There are 2 protein chains.
Amino acid sequence: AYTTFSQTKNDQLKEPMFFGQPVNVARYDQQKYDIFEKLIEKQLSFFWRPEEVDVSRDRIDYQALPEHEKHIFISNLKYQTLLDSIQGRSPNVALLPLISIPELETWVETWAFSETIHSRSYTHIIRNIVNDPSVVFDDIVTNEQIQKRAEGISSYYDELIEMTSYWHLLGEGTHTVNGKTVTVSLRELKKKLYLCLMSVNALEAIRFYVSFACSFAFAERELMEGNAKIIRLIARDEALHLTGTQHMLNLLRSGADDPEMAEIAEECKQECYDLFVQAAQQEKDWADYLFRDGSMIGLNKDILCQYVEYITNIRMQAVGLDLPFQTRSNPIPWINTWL
Amino acid sequence: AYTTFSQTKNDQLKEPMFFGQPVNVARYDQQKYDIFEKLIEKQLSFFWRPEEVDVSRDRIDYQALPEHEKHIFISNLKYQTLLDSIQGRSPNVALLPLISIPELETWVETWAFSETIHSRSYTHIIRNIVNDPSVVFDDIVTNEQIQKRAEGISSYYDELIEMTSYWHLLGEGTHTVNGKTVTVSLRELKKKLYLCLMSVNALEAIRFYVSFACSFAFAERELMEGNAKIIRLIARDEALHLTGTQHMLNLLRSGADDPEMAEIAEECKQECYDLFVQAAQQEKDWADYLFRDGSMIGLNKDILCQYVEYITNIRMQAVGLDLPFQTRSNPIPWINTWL
Ligand SMILES: [Hg+2]
Ligand SMILES: [Hg+2]
Ligand SMILES: [Hg+2]
Ligand SMILES: [Hg+2]
Ligand SMILES: [Hg+2]
Ligand SMILES: [Hg+2]
Ligand SMILES: [Hg+2]
Ligand SMILES: [Hg+2]
Ligand SMILES: [Mn+2]
Ligand SMILES: [Mn+2]
Ligand SMILES: [Mn+2]
Ligand SMILES: [Mn+2]
């Protein structure tokens, strides 16, 4: 079972990142993988307050915008708000119960914490450029187009969480819950997790960047500059986040942390691969919705769609996987300005 | 079951703090209880970095100290490190899966986050005033005197967590896990939680303050002033934390949030009461250990023991309970200096 303070005096330097002995003492004078200590120190130094950024000038700009340019902006903001709504709570609930080294535990809490700040920044934008914030928030939940990907994201999480409870309550082996066979495999858990980790990596490394492009496009036209300033700070963070997930995944597949993982990584190769292809495809389809009533300067389907592929190829490379798309270059190199 | 993003478009202003629909959208443009929005804003504004505080001068002071004055200092630091080791992870794991209003969710993540910063500050002190930090950390786990209260604290948590898994996996009603009857009652969960909440309140409101007294005593003698500076920042935070737990408990017993709770609050009156008496007693016994080889100026058993009672009476008053002790005054009014 899970314990908020394991009684055993284990060597934290020799525990796996996951599934080992729950972390007891929170120490930071040493670590198994200092990338996590570095990320924490970096996240702490990037601390920023949303309320500070003046978005008052964005209300007029947003209003001026045509009903189809409002669609793009607000729709993209709604998606960002969704992602971080998830990410704020999710890494804590899903990963915290499985960490076994102190640096990763605290990194995840720091990481989740920073996502709540982003959520707040979104509330800061929305309530300052619209007269009925409730319309925006409620639609995030109802908007069936936002939910297509919203439901796919929370399943990897929900399923990992639910299967983690069984493991802590019953243990490995086959059980019966009210006349129902329920099998609990550690090798299966390590896979369920590996997939969330890979799915979380695509969310941080791809989903969010597709949103900064179709966000800074406005900043390029000198529109919504309060928002651009805020999303510049969020991108700096999401960069830390993707560095963390990338290190986790590459530490797992390298058998450096836990061989059984590495094995499950090679075996679960086509999934991890078709998992990304699914994500990229979902970001492209998203584009058809943002431009159903016309595009704008510097951003249309072909532009975005092309960025999705370019970006997806970059992210999978970082985790050793064949570029699912042609090997082209940045359709909007200007984006590097805001990053 | 628990979901990282509930599909239902509920009214977050009319959900109970706990056990209602998991929070979906993270919004901050309104809230059921703005005390939580206030705490978040306050915690965010108190953000501080431990590394900043120069504790270099504390190494000499600590060394100079007699072996019995080292006992006091280091033992008290070890206890603080334990508490925050727990608090860093615990509120997230135990409470996050049960919150149903956005402000409380984010407050808890902010609250847990701030505790990790405290853990770091402790690592910052320890590795700067001792030559073998490992000795200190390992003892936190082994030291059977630290574990007396360490085991009692993690049980309320562990038990609530474990019983929350069953509720999400099976639901209310009687079940059978491999030929074993297992009952899951919502009214029982609401109680298990109510007790952690009350036990967490004593940990923030009493346990931690007993440690600031037997910590600033050194600052009073112009010793360990780097540490005093750091613990001044931690106390400011623990004050926010106790304000939060106090509001939760008093919102629950007032039947304002959920009547069934209020009912379970009146019914579970002697426990909540004997729960505190147990804590206070544990802090007093702690004193016999800090002074087994002699006390120091401004701090001995009678002094401390008397503070424990004075403080305990203050905390229970704030949550409507009879002062378990005589109604006296502050045995060390100087402590208000550092707070
Ligand atoms: Hg996931
Ligand atoms: Hg976009
Ligand atoms: Hg893979
Ligand atoms: Hg394309
Ligand atoms: Hg508790
Ligand atoms: Hg003390
Ligand atoms: Hg009570
Ligand atoms: Hg006393
Ligand atoms: Mn974010
Ligand atoms: Mn992120
Ligand atoms: Mn603390
Ligand atoms: Mn606290």
Side-chain angles (χ1 to χ4, degrees), chain A residues 2-5 22-28 36 40 43-44 47 87-99 102-117 119-120, chain B residues 4 17-18 23 26 36-37 39-44 46-48 50 80-99 101-123 153-154 156-158 160-161 164 193 196-197 199-201 203-205 207-208 233-234 236-245 247-248:
Chain A
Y2 177 70
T3 176
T4 43
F5 197 79
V23 178
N24 52 182
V25 180
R27 54 190 300 183
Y28 305 96
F36 300 118
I40 295 167
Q43 187 60 80
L44 294 190
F47 181 68
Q87 287 304 81
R89 70 186 53 109
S90 297
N92 272 333
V93 182
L95 300 177
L96 223 39
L98 310 171
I99 315 287
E103 62 263 55
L104 185 49
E105 183 179 53
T106 293
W107 168 233
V108 173
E109 303 195 74
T110 296
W111 166 20
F113 168 64
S114 60
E115 304 288 24
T116 67
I117 281 172
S119 302
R120 297 176 67 74
Chain B
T4 43
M17 297 185 295
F18 304 100
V23 178
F36 300 118
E37 172 61 35
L39 287 171
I40 295 167
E41 305 170 334
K42 190 97 285 190
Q43 187 60 80
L44 294 190
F46 290 3
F47 181 68
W48 56 279
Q80 305 190 311
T81 293
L82 194 229
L83 288 188
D84 279 330
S85 272
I86 301 302
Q87 287 304 81
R89 70 186 53 109
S90 297
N92 272 333
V93 182
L95 300 177
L96 223 39
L98 310 171
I99 315 287
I101 59 178
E103 62 263 55
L104 185 49
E105 183 179 53
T106 293
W107 168 233
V108 173
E109 303 195 74
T110 296
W111 166 20
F113 168 64
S114 60
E115 304 288 24
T116 67
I117 281 172
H118 299 176
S119 302
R120 297 176 67 74
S121 77
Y122 299 140
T123 292
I153 292 174
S154 60
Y156 276 101
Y157 273 133
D158 289 342
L160 179 72
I161 288 171
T164 290
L193 169 73
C196 155
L197 256 54
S199 195
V200 175
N201 186 63
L203 185 166
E204 300 272 354
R207 299 176 185 283
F208 263 110
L233 286 165
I234 294 174
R236 189 176 57 178
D237 290 326
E238 309 295 357
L240 278 190
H241 303 171
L242 75 77
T243 296
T245 53
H247 269 270
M248 287 176 254

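Here is how names work: the chains are called A, B, and so on, in the same order as the sequence lines, proteins then strands, and each is numbered from 1.
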Pick out which of B:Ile161, B:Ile153, B:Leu160, B:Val93 makes a side chain to side chain contact (heavy atoms under 4.5 Å, CB included) with A:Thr4.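 The single option meeting the side chain to side chain contact (heavy atoms under 4.5 Å, CB included) with A:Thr4 is B:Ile161.
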Using the rule side chain to side chain contact (heavy atoms under 4.5 Å, CB included), only one of A:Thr106, A:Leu104, A:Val108 pairs with A:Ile40; which is it?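 Between A:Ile40 and the candidates, side chain to side chain contact (heavy atoms under 4.5 Å, CB included) is satisfied uniquely by A:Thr106.
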Atom [atom1] of [X] and atom [atom2] of [Y]: how far apart are they, to the nearest 0.5 Å?
| X | Y | atom1 | atom2 | result |
| --- | --- | --- | --- | --- |
| B:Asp237 | B:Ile117 | CG | CD1 | 7.5 Å |
| B:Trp48 | A:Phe47 | CH2 | CZ | 14.0 Å |
| B:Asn201 | B:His247 | CG | NE2 | 11.5 Å |
| A:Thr110 | B:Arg120 | OG1 | CZ | 7.5 Å |
| B:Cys196 | B:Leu203 | SG | CG | 9.5 Å |
| A:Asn92 | B:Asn92 | CG | CG | 4.0 Å |

Side chain to side chain contact (heavy atoms under 4.5 Å, CB included) between B:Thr245 and B:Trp111, intermediate numbers included: CA-CA 11 Å; B:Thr245 53; B:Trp111 166 20; 3.6 Å; yes
Measure the shortest side-chain to side-chain distance between [X] and [Y] over non-hydrogen atoms and say whether it is less than 4.5 angstrom.
| X | Y | value |
| --- | --- | --- |
| B:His241 | B:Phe208 | no |
| B:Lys42 | B:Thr243 | no |
| B:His118 | B:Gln87 | no |
| B:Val200 | B:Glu204 | yes |
| A:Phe5 | A:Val25 | yes |
| B:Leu95 | B:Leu197 | yes |
| B:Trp107 | B:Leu240 | yes |
| B:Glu115 | B:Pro91 | no |

With sequence neighbours excluded, what pairs up with [X] under the ring pair (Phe, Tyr, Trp, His ring centres under 6.0 Å) test?
| X | value |
| --- | --- |
| B:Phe46 | none |
| B:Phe113 | A:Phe113 |
| A:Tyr2 | A:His168 |

Could you tell me which residues satisfy side chain to side chain donor-acceptor pair (under 3.5 Å) with B:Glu103, sequence neighbours excluded, listed by chain and number?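 Residues passing side chain to side chain donor-acceptor pair (under 3.5 Å) with B:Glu103: none at all.
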Can you name the side chain to side chain donor-acceptor pair (under 3.5 Å) partners of A:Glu105, sequence neighbours left out?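 Applying side chain to side chain donor-acceptor pair (under 3.5 Å) to A:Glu105 gives B:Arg89.
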Tell me the closest heavy-atom pair linking B:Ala112 and A:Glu109, and the distance in Å.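 The answer is CB-OE1, 3.9 Å.
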Minimum heavy-atom separation for B:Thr116 to B:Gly88, with atom names?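 Distance-wise, the nearest heavy atoms are CG2-CA, 4.2 Å.
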With sequence neighbours left out, write down each residue that passes side-chain contact (heavy atoms from CB on, under 4.5 Å) with A:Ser119, or none if nothing qualifies.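 Once residues adjacent in sequence are excluded, the partners of A:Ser119 under the side-chain contact (heavy atoms from CB on, under 4.5 Å) criterion are A:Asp84, B:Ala26, B:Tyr28.
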